[PDB]
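Protein chains in written order, with the entry's author numbering: chain A, 651 to 692; chain B, 651 to 692; chain P, 23 to 151, 182 to 481.
Even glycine gets a Cβ: it sits at the ideal position worked out from N, Cα and C.
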């Protein structure tokens with residue numbers, strides 16, 4: 651629930667005209683998600 | 651391959667200080683992945 | 023010769039399944055296999071009778087032999103993955119499930135279970151997605197902190213590890229503590245990262261101090277979600293009371309098992325990678341055993357396979373290294389008792405088991421009364437074996453939130469070294 655609510659808040663905050671406090675964390679989350687979806691593990 | 655290329659370019663554009671012109675498509679892609687990863691077929 | 027004694031235990035052991043008699047079914051299954059350990063049919067039939075008794079660990083290996091002897095035995099193949107799922111880990115069950123369509127055609131209900139098994143690995147994947185001396189004010193503040201989640205500052209933790217390593221490196225392998233006629237001492241069993249149970253221990257038996265000495269028999273980490281808090285609090289306790297708080301090395305204080313049973317992952321999630329390296333460095337200096345009054349000798353593992361084994365040999369042990377595959381320290385961290393006489397191969401796969409004769413010989417040769425050793429989960433929180441010469445104490449109630457077992461700690465008196473068991477309960481976190 652913590653991960654889900656954090657990701658929802660980040661995406662909603664992005665798609666409303668605001669600016670993120672640190673893009674690096676969101677980018678890393680997206681990269682980890684893609685890596686999970688394409689099978690690298692570890 | 652096309653989806654990965656577009657998502658990679660969009661995330662790189664986000665993380666390099668630029669401003670995205672159509673955040674709703676990005677949010678839609680994130681939502682599509684989130685439903686693909688958490689059960690519901692459609 | 024003995025081929026006839028195969029089917030005679032088939033119509034009997036399997037019949038008890040109809041009468042819900044799983045116990046006698048297992049007892050009779052341990053007879054046909056005993057006189058015929060080459061039939062996969064019985065190795066498969068034993069799996070259902072042993073799985074319905076909520077015992078999954080041994081059934082996991084029991085279901086494998088029904089597959090090795092016959093790879094066409096789907097009956098014994100499904101239950102291996104069923105036991106793996108009962109344990110809860112992924113991969114093995116999923117691999118077993120997917121290694122059924124390559125042996126069968128497009129049959130009904132064959133792939134539905136494989137898809138159902140797939141539907142949980144996705145959930146798992148989404149889950150992936182003062183002056184540096186420690187004071188009473190500091191211990192109370194850190195205790196309340198850990199009671200309210202929150203990680204300790206990295207500098208304070210590093211100082212705690214450095215100081216505890218410096219203090220522990222000056223202690224012999226066999227710590228000799230002399231207890232007066234009065235002034236009892238507390239001995240606790242495995243903790244395994246149950247900080248909220250350590251809170252109950254300290255509240256029920258009093259906070260450790262010079263008047264109420266404490267000593268824990270290893271296993272402060274692994275299989276728990278609060279291992280870091282437990283071990284850091286115990287290190288602070290050792291720092292504050294070096295002469296009244298004693299930590300004994302355990303089998304779960306090893307890197308090969310820290311990296312598999314969550315402690316390494318917990319440290320890397322809460323702190324840096326080198327911070328677990330310093331955990332390992334300070335873990336290797338923990339004593340393996342402690343002797344009280346020259347009468348009560350306590351250790352996390354127990355006795356050895358070698359027959360000589362003296363206290364001087366215990367003192368001459370190099371602690372600062374990883375445990376060997378066999379030898380003194382391996383049994384000092386892995387042995388178990390056996391109700392029958394003589395040695396045997398340990399069920400854990402390493403070390404061995406010691407009988408009552410081994411315990412009696414060790415106590416007679418080392419001039420000791422009895423031995424205390426936890427290493428294990430007990431339903432009542434303590435166990436008496438070998439006629440009282442073997443004592444087991446457990447301080448981890450509700451081990452993995454599934455056992456639901458009581459826990460206990462031992463009060464030992466100088467005037468009377470008889471163990472005084474005191475029991476406590478779940479105390480949910």
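Asked: What does a CB cutoff of less than 7 Å around residue 199(P) pick up in its chain, not counting 5 residues either side in sequence?; Found: 251
Asked: Taking any Cβ of chain B, which residues in the stretch 658-671 of chain A have a Cβ under 9 Å from it, in chain order?; Found: 658, 661, 662, 664, 665, 666, 667, 669, 670
Asked: My output table needs one value for residue 95(P): the three-state DSSP class, helix, strand or coil.; Found: coil
Asked: Residue range of the beta strand (DSSP E) that residue 351(P) falls in?; Found: 348-351
Asked: Report the start-end ranges of each beta strand (DSSP E) in the stretch 300-361 of chain P that is 3 residues or longer and not cut off at the edges.; Found: 341-344, 348-351
Asked: Identify which residue in 410(P), 34(P), 386(P), 383(P) has its Cα closest to the Cα of residue 394(P).; Found: 410(P)
Asked: Taking C-beta pairs closer than 8 Å, name the residues in chain P that residue 686(A) reaches, listed in chain order.; Found: 147, 150, 151
Asked: Check whether the stretch 427-442 of chain P touches the stretch 198-216 of chain P, taking contact to mean three or more Cβ pairs, one atom from each stretch, closer than 8 Å.; Found: no
Asked: Run the CB neighbour count on residue 480(P), radius 10 Å, all protein chains shown included, and call it buried at 16 or more, exposed below.; Found: exposed
Asked: Can you check which of these residues, 365(P), 390(P), 266(P), 398(P), is closest to residue 377(P) by C-alpha distance?; Found: 398(P)
Asked: As an exercise, report each continuous beta strand (DSSP E) stretch of at least 3 residues that is fully enclosed by the stretch 240-265 of chain P, in chain order.; Found: none
Asked: If we cut at 8 Å on Cβ distances, does residue 690(B) have a partner in chain A?; Found: no
Asked: Given that residue 144(P) touches chain B, what residues does it touch there, using C-beta distances under 7 Å?; Found: 687
Asked: Using only the alpha-carbon positions, how far apart do residue 128(P) and residue 652(A) sit?; Found: 41 Å
Asked: Grab me the residues of residue 280(P)'s own chain with a C-beta within less than 7 Å of its C-beta, minus the 5 sequence neighbours each way, in chain order.; Found: 318, 319, 322
Asked: Measuring alpha carbon to alpha carbon, tell me which residue in 97(P), 312(P), 352(P) is nearest residue 226(P).; Found: 352(P)
Asked: Exposed or buried, what is residue 68(P) when buried is set at 16 or more other beta-carbons lying within 10 Å of its beta-carbon?; Found: buried
Asked: Using a Cβ-Cβ distance cut-off of 8 Å, determine whether residue 656(B) contacts chain D.; Found: This model lacks chain D altogether; the protein chains it does include are A, B and P.
Asked: Should residue 216(P) go down as buried or exposed, given a rule of 16 or more other Cβ atoms within 10 Å for buried?; Found: buried
Asked: Do the stretch 184-196 of chain P and the stretch 121-135 of chain P make contact, defined as three or more Cβ pairs closer than 8 Å?; Found: no
Asked: Quick one: Cα of residue 663(B) to Cα of residue 672(A), how far?; Found: 14 Å
Asked: For residue 246(P), which option in 285(P), 237(P), 257(P) has the closest C-alpha, if you only look at C-alpha atoms?; Found: 285(P)
Asked: What number of angstroms, rounded off, separates the C-alpha of residue 112(P) from the C-alpha of residue 141(P)?; Found: 11 Å
Asked: Going by other Cβ atoms of all chains shown within 10 Å of its Cβ, with 16 needed for buried, is residue 690(A) buried or exposed?; Found: exposed
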